[PDB]
Protein chains: 2
Amino acid sequence: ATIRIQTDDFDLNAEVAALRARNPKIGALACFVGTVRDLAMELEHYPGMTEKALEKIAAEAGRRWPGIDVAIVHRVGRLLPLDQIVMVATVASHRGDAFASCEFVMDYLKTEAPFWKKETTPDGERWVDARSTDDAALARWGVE
Amino acid sequence: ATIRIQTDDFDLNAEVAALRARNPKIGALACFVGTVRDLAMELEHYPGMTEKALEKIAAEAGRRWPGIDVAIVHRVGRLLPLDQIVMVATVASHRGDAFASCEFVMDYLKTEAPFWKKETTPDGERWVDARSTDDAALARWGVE
Ligand SMILES: [Br-]
Ligand SMILES: [Br-]
Ligand SMILES: [Br-]
Ligand SMILES: [Br-]
Ligand SMILES: [Br-]
Ligand SMILES: [Br-]
């Protein structure tokens with residue numbers, strides 16, 4: 001369960017190869033990459049706190065789908081349109097568990113991991129909670 | 001809808017970048033890579049026929065989730081343990097459609113795309129239908 005928050009960009013290929021190297025006997029790999037939509041974003045985490053939340057999310061995915069492995073890399077800092085934001089990769093013996101766990105981790109990440117976005121309000125620059133709400137995902141995964 | 005069957009190996013990064021370059025305004029990308037499990041595999045397709053089936057699968061994904069784009073690269077030939085077999089990548093405005101369409105394409109590919117595996121039987125070398133059966137996926141996607 002390799003989880004990282006960084007400012008540098010990540011290499012999906014390299015992260016996928018390392019996950020496979022840690023899981024020599026299973027071969028179904030699902031991944032997700034989110035990128036700043038071209039519709040600047042300044043993202044900040046809570047050092048230590050946010051990583052622990054991501055570790056808890058990956059651990060819960062492992063409880064629900066025994067035998068998977070999970071990698072998460074999330075960026076922070078000043079991110080431009082088209083920049084990569086986050087990648088989640090999971091591996092399993094079969095594609096069903098790989099897809100489900102990858103989407104579960106993304107849903108839980110987007111709704112619960114502590115991140116903040118900088119926004120300029122009339123008072124001035126503020127940091128606004130970047131967590132999303134997804135009520136259909138919560139019902140899907142059995143939580144209220 | 002870029003669909004290819006080839007003997008050469010593929011580069012997930014390069015394929016993902018090209019898909020994003022064809023979809024400048026949406027940023028949620030889901031992908032799947034299947035690899036020969038380390039438990040040689042000789043895979044063959046039906047030239048023309050198999051590509052058309054993959055195109056039909058991607059078109060149906062586009063009918064179900066308007067606004068997505070889909071890329072499929074499938075390998076054939078003599079594939080060793082740990083070799084990449086197949087990649088499917090989808091992009092959408094939001095992660096829900098990206099994940100669902102990617103899994104749908106993989107399920108339909110694995111159960112319906114014409115591929116054959118070489119096997120040595122008592123009579124001798126034979127080519128056996130490599131399509132899988134998934135009855136839970138068929139129910140999930142509304143087909144009987
Ligand atoms: Br790490
Ligand atoms: Br995202
Ligand atoms: Br599979
Ligand atoms: Br092509
Ligand atoms: Br596969
Ligand atoms: Br998203």
# chains A, B, ... in the order shown; residues from 1 in each chain; ligands from 1
$ calpha_fit_and_write --fixed "chain B" --moving "chain A" --output "compact mmCIF listing (two decimals) with C-alpha atoms, in the first residue's frame"
# COMPACT_ATOMS: atom_id res chain seq x y z
CA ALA A 1 -12.61 5.35 -31.22
CA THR A 2 -9.06 4.06 -31.86
CA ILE A 3 -8.90 0.25 -31.90
CA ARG A 4 -5.79 -1.78 -32.81
CA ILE A 5 -4.59 -5.38 -32.83
CA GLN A 6 -0.81 -5.81 -33.01
CA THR A 7 2.05 -8.12 -32.14
CA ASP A 8 4.33 -5.37 -30.81
CA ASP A 9 4.05 -4.38 -27.18
CA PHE A 10 2.26 -1.13 -26.33
CA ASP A 11 3.17 1.88 -24.16
CA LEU A 12 0.34 2.75 -21.75
CA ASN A 13 1.67 6.32 -21.28
CA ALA A 14 1.82 7.02 -25.01
CA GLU A 15 -1.66 5.58 -25.62
CA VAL A 16 -3.12 7.57 -22.72
CA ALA A 17 -1.51 10.80 -23.95
CA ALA A 18 -2.88 10.30 -27.46
CA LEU A 19 -6.40 9.66 -26.10
CA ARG A 20 -6.22 12.88 -24.05
CA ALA A 21 -4.98 14.77 -27.10
CA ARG A 22 -8.13 13.66 -28.98
CA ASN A 23 -10.35 14.86 -26.09
CA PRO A 24 -9.17 18.35 -25.07
CA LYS A 25 -12.11 19.30 -22.79
CA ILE A 26 -12.56 16.25 -20.55
CA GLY A 27 -10.13 14.91 -17.97
CA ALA A 28 -11.31 11.75 -16.13
CA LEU A 29 -9.36 8.78 -17.51
CA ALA A 30 -9.90 5.13 -16.55
CA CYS A 31 -7.71 2.37 -17.90
CA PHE A 32 -7.25 -1.35 -17.62
CA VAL A 33 -4.19 -3.44 -18.52
CA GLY A 34 -4.31 -7.23 -18.53
CA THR A 35 -1.08 -9.27 -18.41
CA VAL A 36 -0.25 -12.96 -18.80
CA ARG A 37 -0.58 -14.36 -15.29
CA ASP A 38 2.49 -16.18 -13.95
CA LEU A 39 0.78 -19.43 -12.94
CA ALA A 40 3.52 -19.78 -23.35
CA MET A 41 0.22 -18.31 -24.55
CA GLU A 42 -0.21 -18.19 -28.33
CA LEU A 43 -3.14 -15.88 -29.22
CA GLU A 44 -4.59 -15.32 -32.69
CA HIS A 45 -7.38 -13.08 -33.95
CA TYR A 46 -9.57 -13.20 -37.08
CA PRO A 47 -8.11 -10.40 -39.27
CA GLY A 48 -10.73 -7.76 -39.97
CA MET A 49 -13.44 -9.66 -38.08
CA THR A 50 -11.95 -9.15 -34.63
CA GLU A 51 -11.26 -5.43 -35.20
CA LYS A 52 -14.87 -4.91 -36.34
CA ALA A 53 -16.12 -6.61 -33.16
CA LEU A 54 -13.94 -4.33 -31.04
CA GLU A 55 -15.27 -1.30 -32.94
CA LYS A 56 -18.85 -2.46 -32.27
CA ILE A 57 -18.09 -2.84 -28.55
CA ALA A 58 -16.62 0.68 -28.34
CA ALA A 59 -19.55 2.11 -30.31
CA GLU A 60 -22.02 0.49 -27.87
CA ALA A 61 -20.08 1.95 -24.92
CA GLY A 62 -20.48 5.34 -26.61
CA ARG A 63 -24.23 4.77 -27.01
CA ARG A 64 -24.63 3.95 -23.31
CA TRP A 65 -22.37 6.79 -22.03
CA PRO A 66 -22.62 9.69 -24.50
CA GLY A 67 -19.54 11.92 -24.46
CA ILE A 68 -16.90 9.27 -23.64
CA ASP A 69 -14.01 8.27 -25.90
CA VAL A 70 -12.47 4.79 -25.97
CA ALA A 71 -9.09 3.33 -26.97
CA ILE A 72 -8.35 -0.41 -27.25
CA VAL A 73 -5.03 -2.10 -28.06
CA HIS A 74 -4.93 -5.89 -28.02
CA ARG A 75 -1.86 -8.02 -28.69
CA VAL A 76 -1.61 -11.34 -30.54
CA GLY A 77 1.20 -13.84 -31.06
CA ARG A 78 3.38 -15.70 -28.59
CA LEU A 79 2.99 -14.00 -25.19
CA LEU A 80 5.07 -14.94 -22.14
CA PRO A 81 4.17 -14.70 -18.44
CA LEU A 82 4.12 -11.06 -17.27
CA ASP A 83 3.65 -9.77 -20.86
CA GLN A 84 0.96 -7.17 -21.44
CA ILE A 85 -2.03 -8.59 -23.35
CA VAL A 86 -4.61 -5.85 -23.65
CA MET A 87 -5.24 -2.27 -22.64
CA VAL A 88 -8.54 -0.40 -22.61
CA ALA A 89 -8.64 3.34 -21.81
CA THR A 90 -11.71 5.59 -21.60
CA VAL A 91 -12.05 9.32 -20.97
CA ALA A 92 -15.09 11.24 -19.78
CA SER A 93 -15.97 14.48 -18.06
CA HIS A 94 -16.45 12.60 -14.77
CA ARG A 95 -15.01 9.46 -13.18
CA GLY A 96 -18.31 7.55 -12.93
CA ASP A 97 -18.76 7.31 -16.71
CA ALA A 98 -15.06 6.63 -17.27
CA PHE A 99 -14.97 3.64 -14.87
CA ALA A 100 -18.28 2.15 -16.01
CA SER A 101 -17.48 2.35 -19.72
CA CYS A 102 -13.98 0.92 -19.23
CA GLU A 103 -15.29 -2.10 -17.32
CA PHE A 104 -18.15 -2.56 -19.80
CA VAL A 105 -15.71 -2.61 -22.73
CA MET A 106 -13.47 -5.14 -20.94
CA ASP A 107 -16.44 -7.40 -20.06
CA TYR A 108 -17.78 -7.31 -23.64
CA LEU A 109 -14.28 -7.78 -25.09
CA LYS A 110 -13.51 -10.81 -22.89
CA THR A 111 -16.83 -12.52 -23.63
CA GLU A 112 -17.42 -11.61 -27.30
CA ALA A 113 -14.28 -10.56 -29.23
CA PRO A 114 -13.09 -13.42 -31.51
CA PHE A 115 -9.71 -14.71 -30.30
CA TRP A 116 -8.22 -18.22 -30.23
CA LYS A 117 -5.57 -19.85 -28.04
CA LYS A 118 -3.26 -22.60 -29.24
CA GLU A 119 -3.39 -25.78 -27.15
CA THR A 120 -1.69 -29.16 -27.57
CA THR A 121 -4.38 -31.87 -27.24
CA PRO A 122 -3.87 -35.66 -27.65
CA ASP A 123 -4.76 -35.32 -31.34
CA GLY A 124 -2.22 -32.52 -31.66
CA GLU A 125 -2.10 -28.73 -31.77
CA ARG A 126 -5.54 -27.11 -31.80
CA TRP A 127 -6.92 -23.58 -31.69
CA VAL A 128 -9.49 -23.17 -28.91
CA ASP A 129 -11.99 -20.31 -28.61
CA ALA A 130 -10.54 -17.87 -26.06
CA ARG A 131 -13.81 -16.06 -25.29
CA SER A 132 -14.83 -16.19 -21.62
CA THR A 133 -18.27 -16.50 -20.08
CA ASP A 134 -19.29 -13.97 -17.41
CA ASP A 135 -22.89 -14.42 -16.34
CA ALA A 136 -22.74 -11.79 -13.63
CA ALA A 137 -21.49 -9.15 -16.06
CA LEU A 138 -24.24 -9.99 -18.55
CA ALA A 139 -26.88 -9.45 -15.89
CA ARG A 140 -25.16 -6.26 -14.74
CA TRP A 141 -25.24 -4.72 -18.21
CA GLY A 142 -28.86 -5.78 -18.97
CA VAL A 143 -28.28 -8.48 -21.60
CA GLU A 144 -29.46 -12.10 -21.67
$ select_by_dssp --residues "chain B" --states "alpha helix (DSSP H)" --output "NGL selection string"
:B and (12-21 or 49-64 or 95-112 or 135-140)
$ select_by_dssp --residues "segment 5-133 of chain B" --states "strand (DSSP E)" --output "count of residues only"
45
